[PDB]
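Engineer: how does the following fold in three dimensions:
(9 chains, ligands or ions: 4)
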Amino acid sequence: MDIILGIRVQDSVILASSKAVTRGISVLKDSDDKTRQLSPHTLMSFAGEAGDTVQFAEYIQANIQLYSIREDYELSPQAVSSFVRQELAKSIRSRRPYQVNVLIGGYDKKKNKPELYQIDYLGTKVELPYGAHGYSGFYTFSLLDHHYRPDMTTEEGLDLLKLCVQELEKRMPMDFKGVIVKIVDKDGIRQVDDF
Amino acid sequence: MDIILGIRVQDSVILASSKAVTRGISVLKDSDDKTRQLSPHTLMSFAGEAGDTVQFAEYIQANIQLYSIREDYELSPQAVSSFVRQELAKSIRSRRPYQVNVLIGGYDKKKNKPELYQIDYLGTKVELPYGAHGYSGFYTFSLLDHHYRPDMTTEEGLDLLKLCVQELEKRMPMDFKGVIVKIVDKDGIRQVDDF
Amino acid sequence: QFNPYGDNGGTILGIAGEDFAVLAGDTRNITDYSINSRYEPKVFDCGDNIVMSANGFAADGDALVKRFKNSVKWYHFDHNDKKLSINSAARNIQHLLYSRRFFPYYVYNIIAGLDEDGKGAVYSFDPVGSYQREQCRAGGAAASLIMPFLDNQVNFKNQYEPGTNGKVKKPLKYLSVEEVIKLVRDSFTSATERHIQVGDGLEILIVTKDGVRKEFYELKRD
Amino acid sequence: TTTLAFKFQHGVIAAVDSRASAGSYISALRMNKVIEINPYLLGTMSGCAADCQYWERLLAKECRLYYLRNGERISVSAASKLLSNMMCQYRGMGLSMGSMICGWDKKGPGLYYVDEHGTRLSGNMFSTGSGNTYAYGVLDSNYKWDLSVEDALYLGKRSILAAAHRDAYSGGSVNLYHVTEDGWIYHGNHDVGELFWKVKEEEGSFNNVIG
Amino acid sequence: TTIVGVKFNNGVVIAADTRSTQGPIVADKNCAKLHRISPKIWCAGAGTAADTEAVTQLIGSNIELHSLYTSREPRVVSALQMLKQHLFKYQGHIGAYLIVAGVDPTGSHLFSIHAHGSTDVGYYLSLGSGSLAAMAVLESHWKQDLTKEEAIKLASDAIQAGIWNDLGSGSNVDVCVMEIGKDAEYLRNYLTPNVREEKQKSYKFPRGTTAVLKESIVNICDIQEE
Amino acid sequence: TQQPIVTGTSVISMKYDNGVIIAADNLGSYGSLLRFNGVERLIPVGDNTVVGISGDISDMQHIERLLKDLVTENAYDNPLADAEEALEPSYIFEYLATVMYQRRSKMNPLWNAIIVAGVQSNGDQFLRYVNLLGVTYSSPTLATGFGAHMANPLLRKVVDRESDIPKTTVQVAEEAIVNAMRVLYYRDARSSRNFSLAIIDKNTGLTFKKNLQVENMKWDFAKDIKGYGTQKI
Amino acid sequence: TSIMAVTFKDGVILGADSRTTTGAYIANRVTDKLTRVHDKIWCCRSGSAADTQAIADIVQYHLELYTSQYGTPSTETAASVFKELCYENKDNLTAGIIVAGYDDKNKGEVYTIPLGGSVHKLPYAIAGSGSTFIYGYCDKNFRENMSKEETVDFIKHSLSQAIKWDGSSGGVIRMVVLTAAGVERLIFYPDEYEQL
Amino acid sequence: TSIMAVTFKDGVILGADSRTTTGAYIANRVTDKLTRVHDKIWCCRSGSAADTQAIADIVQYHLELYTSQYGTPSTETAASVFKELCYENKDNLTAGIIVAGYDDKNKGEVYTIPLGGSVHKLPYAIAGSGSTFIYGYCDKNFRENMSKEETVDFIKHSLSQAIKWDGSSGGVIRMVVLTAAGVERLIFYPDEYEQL
Amino acid sequence: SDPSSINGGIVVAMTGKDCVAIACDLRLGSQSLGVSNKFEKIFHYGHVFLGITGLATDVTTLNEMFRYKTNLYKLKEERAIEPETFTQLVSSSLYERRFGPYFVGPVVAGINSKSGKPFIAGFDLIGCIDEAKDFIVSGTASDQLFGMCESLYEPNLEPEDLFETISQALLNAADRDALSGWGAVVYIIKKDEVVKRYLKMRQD
Ligand SMILES: [Mg+2]
Ligand SMILES: [Mg+2]
Ligand SMILES: [Mg+2]
Ligand SMILES: [Mg+2]
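Structural biologist: Numbering: from 1, shown residues only, chains lettered A, B, ... in the order given. Ligands and ions are numbered 1, 2, ... in the order given. Below is the structure in question.
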């Protein structure tokens, strides 16, 4: 649970997240899905300390699902990201903070726009065209800075994402066991089962 | 420079050594040969602290090559391993020890026998049918304990070695960029260029 | 435990003109919150039309300057009174500094003079010996206050030509000695206002083909 | 800091940034991070600039003395090894150095990475410094052996730019060098500020940055 | 910082410098270190500057409320007792080092207070990084039965000693005189011996020098009618 | 590397029109214990120099012997030892300054702060400081330890800059020094009432005054001070 | 600090120096370490000035409230209040206090309360950093039922030596005399006591 | 430890307790801390017993060799040899030594050499952990040119108090008298000195 | 590690003739890594402008906090808050976290709507007020800014001249700071008009 990438293209947001989980010197799992659906058109990927990541993610999920039922309405990606940020900003000055970094990929149905938010465990929120956490950006941002356009198709975004993963696979010392890729658009959330 | 395996079969010794070299958070090389030919029928692979490994290996190589010229004679693998052990045992109580673990694969032309010696940086020498250094043994020894016979062919040894590498590639957190495999037999030392 | 190092404050500044060079520095010597001297010269004439200032730990600075002056003396003896070129002095100092790589002279050093073509020259050093030639360099306590100002007013950084709106840079016109001295004085006056270790007095040494000249100016004593 | 160097059809390219920092304070905007050992040898610089300057200038002495004794230019392999052997004497004492030794000899163009650890690696491409990861991305995706001198120079130049932009401790200017069998050729100092805007326009890259 | 307090015939005077620092950097060249607790009870503070204000305001607030409750003019011993008990409670974590002086129906008073809560009485006191320079002057020139003019002179001379000799102190001298049966007179910038000299050059730029990408009007007004 | 054991506090000095003055108390403290009351910390070298030393006393006694040996060695094969080739203040200082810096460079310092005061052959005043780090500086007024914080401010009111030196007489300079020593006695917890004072004048030579005492002290106001705030009795 | 309390025929006398230090700097050279908690019950303070002042103030409050309800408290009672504070808060205090007082029934009494919060009733007590140097002198020269003049001389001579050797002690010698006659403050200056 | 050396009319007397501790355990209760380095030059030792014994042995060797070449050394000379060892090896020593001796020319002399390696010539000197408690008593009761009996009483009374208060000191009081008449050893037991 | 220098950034404010100016860089980073070039550090509540440097999460948190407080102030007071009053509110709000502070360096700028007097102020992290007449600086390049402002600044500058002065103070200070830059914004404030300009600078 270290590698999470995000890229916002023309009409969708794409989140790529590693599949590895390591305990001690042994890789326990190579098919772990480091993501939670907060609402039909909002997906959150996460990375950080063991345990805290899932617990936080599920806690956020429960709160957004509670809001959805109460108001019979889906919160905008912006509203969700602000809620999440506050929870982390609240958490950093707690007795034991939740050591969790997240990417929130959502499609705003009102504005008809994809939106990617990057939030670290301190509660540092930024809206970006593409983002990453930890050291993931060190390897990938030079490629994204070069190739990224805001009018890219979903297929072009996936191709640029493949190049980012290939560079990670070449220059990163750790084996992260490939990535699970998910797309968030007007029709909702779907997983790219071949990557 | 962490992974080095060795296996002594019927008529040869096979040494497998990783290709990766990492500086900081970046993999600098994925084709590094972590081995030195000490004599025509003696090969030494090595792993440990950066710099010390090659310096020690080349220092040993020079000494054995000097002996070979002086006496017009190739030292037995046993004699070479004992020399190497003493140098490391000497080194461990030095001001700054050489942090180097080695495997010495040799074919004794007098006895017509392959021989594998495992020596760690303390000068702990053991003759084995198969060996490894660091955490390499934790993943591979259960397979070797199960499948190994002393009458195995070179081709069977390579197949068992492939299974050991596959298990390493599955359960090890680090990406070691595959292995270079070399065979030591009566005809000398050769490299398996497709593995 | 004994700490062999200390901080005597002070700030120095070297600027290279087209046919001259200046090396300036405040005359205040301090420890912690006390003033030791209001006038303790820090920039020296080392001979052969070279000026030098070793800013930082005064004891190591005095030792390095003392050694370099000695290196000049022996250069004359050994090489038939040949003049020591500014570039040769620079390389020599590198070796003086690196001789203590494992117990350095805690000083940031600057020398100024003229090159073998008669043009202005300034060389800047770190405590361990790395050096390089520059046009403008402030060293010491208030270096961070002064260098941005010099980037702006000497090399005309971030300054463009009116009307073009960032398309055409301000041309790099050479500065006169009088113009440089104004920038030096205003640099130190500004530094004195916002840095407690800077004050008392300013001594500037100007190097031309005619020789070395000194200029002194008062600074605030608080 | 950011430095790289790579071999190709017509020699080796060497590109470096120019920044030096003292914490958050930028102490130098223009620092020569390439060492002109001799007309056929270059050395990059990573870590302690003092240690890079001193030991590589001392290497130049040894390389010159070699030529005088043997009446033949020293190889890149040998030169790189003399340097690594100097490092091994002060092994553990606290030196800090990461340099690529670039040159052309009998075996063609040559490139060796050498670090304080005494490590000495041969290879077609290397990059060191706080911004090496950004540089590698551009390099890995655009590098070919079949590169022209013009394109290769641009590649090394563009790869430093990538690092200068993202890495806080990299920037200032780009220094280019091209190493041929007739020696090295300096291809100038390129301000990053000016280069960025230029590349952004011509290339279309850095869309996220407003200009 | 350099602050002092000096008793005299019919009252007391306090003084202070005007420099505030963040390490070796001067944040403010004309800081106000003389604080009002009540009309005729003033204090000067050294140490952590946010603490010297915060604590002087808090006690000043409670003093004012106490004065209203008791229908009496506040006493210096009341401010002293409230300050030290607050400071003691926080065991020095509130880095306030104060010199408290004033006049009240009881007479004229001069005290010092340290961050841990200890207090002292005296005819002359000094606090801050320049307290030793100031005290040297006070010990050399202080005497019993000083007049108002002699005390202001001694006070400002002591601050000057700190300004010139202490690197943590500088700029100007502030003074406040609290005499019995009179209004307290706060003399802001009583002395100004550190005016910056005229610069050699004007650094006013030509209009159009800075490169601009975009311009826009900022709507600071509220939502409009119609 | 060591730590000082038996210590000597402030040494203060200043220049005046025709020479220099230097003073230092006669105490050798052992931490907070005022152990030794008859310690001379001003050491004359010839008739033109006085070296005042603060800090570790065992190191002071060592330096005292170096200076005594320096005088002996200068006289060797020197017909002009009591004339043109006599020791100067600048010679004595530079020697000490060399020793101090060398000792710190071996990480075995002489734990002291020294002030060499004297008058040169040409009549020039000499006053320069050096300490355990090998740091040197010169100023119209110099003081060590506490003297740097309390004495200098007072002495600088008399001689604030170089141009004030000719205007300052020996009577005014001595008065300022004596006042400073009183202030240090009031305020330095490691000071003593007894002290020594030396004047090196270019006309009247070296005047060394021993067994001086701090006098004219103000204490009477203490009777009126009661409690720490609210106490009246 | 150098402090002491001595019982004699007519009552008790407290004695103290007047120096307060912050390291080697004398923050106050005219400190009053003789503190009043009741009309004829006083204390000598050593240790953290903040701690000893806060304690003495609380004690003065307790005895003022005691007096309003139950009349004049005993010196023993005062010592018990000091002890109760010093013992229960020993982890967060650095206070060495001597309590001295005069009753008509009990006459002059002295209690010392060292760091731990223990209580010890004594004929006389010494405390502070400078007390170490006069343990021998005081033991040799103390007598029970001394006269007022003898006791003043004893305290004056004792603290004189404590001041002489202890750098943390100095200034003036303050004394407070507690008898049936009332409360008398005394002061002795350096020129007087140094020549003893 | 409690040690002292006192000059008087006819010469000098060294005095010491006899207790050596390892923590709170008394390793030796009859130690002889009065050490002979020459016929009429003795020393009192405090600090590390290993260090002070090794020093005293080396000094005794130097003075024995000095005597063979240049005749009887002075007390000053002996103090210089002690100092030279203690000063040059201050980083690896913990020794507090008092040197006392008798010449016919110079008579009784006392030199003290504390931790740093400094030297101080004095009329009398005190040292050791127990010396702290008698600084006041000794300062008040010392006189120059005392008689032998007066000086013995002074030392006896002084060390009696040092022993009384210092736990590290105790046992017997040993003394050595150095005069023209010769060398006299004295000893005083607890029942004698405790009742003083 | 040092919270006040993880994310980086700078703010500077100046007074002129019947005008004030406040400016900030646009960088947000994770130490050496540049993360955003659109992270504005200046906010406004009515006609009062607040620049905040330091730890980004606290910058965002405090903006949302002062938006909250100023919105309630206005509903109750039936008027917009003034710079002098707001300055005290910021001071109060910071000191209430004296022993668990926000790692920030706020800068207030504005013009009193009644008196028309220009106003600027700076604070330390626990709310110590620095009410300077001339200029205020904050951030990782505050030393650099002090040096520029102290020499470039002169009193009673006209709006369009002040713009050049503050812009050059910021730009050249940021170019000597590794953790500042990546863009810059300047606000020029007058009693009833405010202009916002984005500056062109090097992107390294
Ligand atoms: Mg000052
Ligand atoms: Mg020992
Ligand atoms: Mg006993
Ligand atoms: Mg950058």
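Engineer: farthest residue from the center of chain G?
Structural biologist: In chain G, counting by Cα atoms, centre = their mean, residue G:69 sits farthest out from the average C-alpha position, at 27.1 Å.
Engineer: give me the element that one is part of.
Structural biologist: Per DSSP states H and E, residue G:69 falls inside helix G:49-70.
Engineer: picking up where we left off before, against residue B:2, how distant is the residue farthest from the centre of chain G?
Structural biologist: Separation of residue G:69 from residue B:2 (Cβ to Cβ, to the nearest Å): 81 Å. Any C-beta I mention is one placed from the backbone N, CA and C, and that applies to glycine too.
Engineer: buried residues, the top helix by length along chain C. List them.
Structural biologist: Secondary structure of chain C per DSSP state H: the longest helix is helix C:58-78. By neighbour count on 16 or more other Cβ atoms under 10 Å in any protein chain shown, the buried set for helix C:58-78 is C:58-65, C:67-68, C:71-72, C:75.
Engineer: over to stretch I:77-90?
Structural biologist: Within stretch I:77-90, the residues scored as buried using 16+ other Cβ under 10 Å are I:80, I:81, I:82, I:83, I:84, I:86, I:87, I:89, I:90.
Engineer: cool, and stretch E:216-225?
Structural biologist: With burial defined by 16+ other Cβ under 10 Å, the residues of stretch E:216-225 counted as buried are residue E:220.
Engineer: is that stretch in proximity to chain I?
Structural biologist: Yes - contact of stretch E:216-225 with chain I (Cβ under 8 Å from any Cβ of the partner chain) involves E:216, E:217, E:218, E:220.
Engineer: among the residues you listed, which are in strands?
Structural biologist: With DSSP state E as the criterion, strands contain E:216, E:217 from among the residues of stretch E:216-225 next to chain I.
Engineer: nearest to ligand 4, of the residues of stretch E:216-225 next to chain I?
Structural biologist: residue E:216 (27.8 Å; Cβ to the ion).
Engineer: contacts only, for the closest one.
Structural biologist: Residue E:216 makes contact with I:195, I:196, according to Cβ atoms under 8 Å, 6 or more residues apart in numbering or on different chains.
Engineer: could you identify the longest strand within chain A?
Structural biologist: Longest among the strand segments of chain A by residue count, using DSSP E, is strand A:100-108.
Engineer: which SSE is immediately downstream of that strand?
Structural biologist: For strand A:100-108, the following helix or strand on the C-terminal side (DSSP H and E) is strand A:113-119.
Engineer: burial measure for residue F:79, as a count.
Structural biologist: 9 (other Cβ atoms under 10 Å in any protein chain shown).
Engineer: repeat for the one 3 residues further on
Structural biologist: Neighbour count of residue F:82, defined by other Cβ under 10 Å: 11.
Engineer: now residue E:110
Structural biologist: Around residue E:110 there are 24 other residues, counting by other Cβ under 10 Å.
Engineer: how near is residue F:48 to chain B?
Structural biologist: Counting by Cβ to the nearest Cβ, to the nearest Å, the gap from residue F:48 to chain B is 53 Å.
Engineer: show me what the helix or strand harbouring residue A:170 is packed up against.
Structural biologist: Residue A:170 belongs to helix A:154-171 when elements are defined using DSSP H and E. On a contact count with 3 or more Cβ pairs under 8 Å, 6 or more residues apart in numbering or on different chains; DSSP states H and E, helix A:154-171 meets strand A:4-8, strand A:12-18, helix A:136-147, strand A:179-185, strand B:26-30, helix D:132-142.
Engineer: using PDB, list the CA coordinates for the last one.
Structural biologist: Output of helix D:132-142 as PDB, limited to C-alpha atoms (Å, rounded to 0.1, in the frame of the first residue of the first chain):
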ATOM      1  CA  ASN D 132      17.500  12.200 -11.100                       C
ATOM      2  CA  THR D 133      14.100  10.500 -11.000                       C
ATOM      3  CA  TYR D 134      12.500  13.100 -13.200                       C
ATOM      4  CA  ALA D 135      15.400  13.000 -15.600                       C
ATOM      5  CA  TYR D 136      15.300   9.200 -16.000                       C
ATOM      6  CA  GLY D 137      11.600   9.300 -17.000                       C
ATOM      7  CA  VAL D 138      12.300  11.600 -20.000                       C
ATOM      8  CA  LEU D 139      15.400   9.700 -20.900                       C
ATOM      9  CA  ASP D 140      14.000   6.200 -20.700                       C
ATOM     10  CA  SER D 141      11.000   7.100 -22.900                       C
ATOM     11  CA  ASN D 142      12.900   8.900 -25.600                       C
END
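Engineer: wait, does that helix make contact with ligand 4?
Structural biologist: No - counting by Cβ under 5 Å from the ion, ligand 4 is not contacted by helix D:132-142; separation bottoms out at 9.8 Å.
Engineer: could you list the residues in contact with that helix?
Structural biologist: Helix D:132-142 is contacted by residues A:135, A:138-143, A:146, A:163, A:167, A:170-171, B:25-26, D:2-4, D:6, D:125, D:127, D:155, D:158-160, D:162-163, D:165-167 when judged by Cβ under 8 Å, 6+ apart.
Engineer: wait, does the helix or strand just after it contact chain I?
Structural biologist: Per DSSP H and E, the first helix or strand lying C-terminal to helix D:132-142 is helix D:149-166. Yes - using Cβ under 8 Å from any Cβ, we find that helix D:149-166 touches chain I at D:164, D:165, D:166.
Engineer: tell me the angle helix D:149-166 makes with helix D:132-142.
Structural biologist: 150 degrees (axes from the mean of the first three to the mean of the last three Cα atoms, to 10 degrees).
Engineer: past helix D:149-166, which element shows up next along the chain?
Structural biologist: Next helix or strand after helix D:149-166 toward the C-terminus (DSSP H and E): strand D:173-180.
Engineer: roughly how far is that following strand from the heart of the chain?
Structural biologist: Computed by Cα atoms, centre = their mean, to the nearest Å, the chain-centroid distance of strand D:173-180 equals 8 Å.
Engineer: parallel or antiparallel, which strands does it pair with?
Structural biologist: Applying DSSP bridges, strand D:173-180 is found paired with strand D:11-16 (antiparallel), strand D:183-191 (antiparallel).
Engineer: may I see the buried residues of that strand?
Structural biologist: Buried, per 16+ other Cβ under 10 Å, within strand D:173-180: D:173, D:174, D:175, D:176, D:177, D:178, D:179.
Engineer: just those now: which is nearest residue F:113?
Structural biologist: Residue F:113 lies nearest to residue D:173 out of those, by Cβ to Cβ, at 48.2 Å.
Engineer: CA atoms only: put the helix or strand hosting residue G:126 into CSV for me.
Structural biologist: Using DSSP H and E, residue G:126 maps to strand G:124-127. This file holds the C-alpha atoms of strand G:124-127, laid out as CSV (Å, rounded to 0.1, in the frame of the first residue of the first chain):
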residue,chain,number,x,y,z
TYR,G,124,18.3,26.1,65.7
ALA,G,125,18.3,25.4,62.0
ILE,G,126,20.5,26.3,59.1
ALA,G,127,19.7,26.0,55.4
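Engineer: could you list the residues in contact with it?
Structural biologist: Applying Cβ under 8 Å, 6+ apart, the contact partners of strand G:124-127 are G:1, G:3-7, G:44, G:46, G:96-98, G:110-112, G:114, G:134-135, G:138, G:142, G:158.
Engineer: mind listing what that strand pairs with, with the direction of each?
Structural biologist: Strand G:124-127 pairs in its sheet with strand G:3-7 (antiparallel), by DSSP bridges.
Engineer: only alpha carbons, please: show the strand it pairs with as CSV.
Structural biologist: Extracted C-alpha coordinates of strand G:3-7, given in CSV (Å, rounded to 0.1, in the frame of the first residue of the first chain):
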residue,chain,number,x,y,z
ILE,G,3,19.4,31.2,56.1
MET,G,4,19.0,30.3,59.8
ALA,G,5,16.7,30.5,62.7
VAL,G,6,17.8,30.4,66.4
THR,G,7,15.9,30.1,69.6
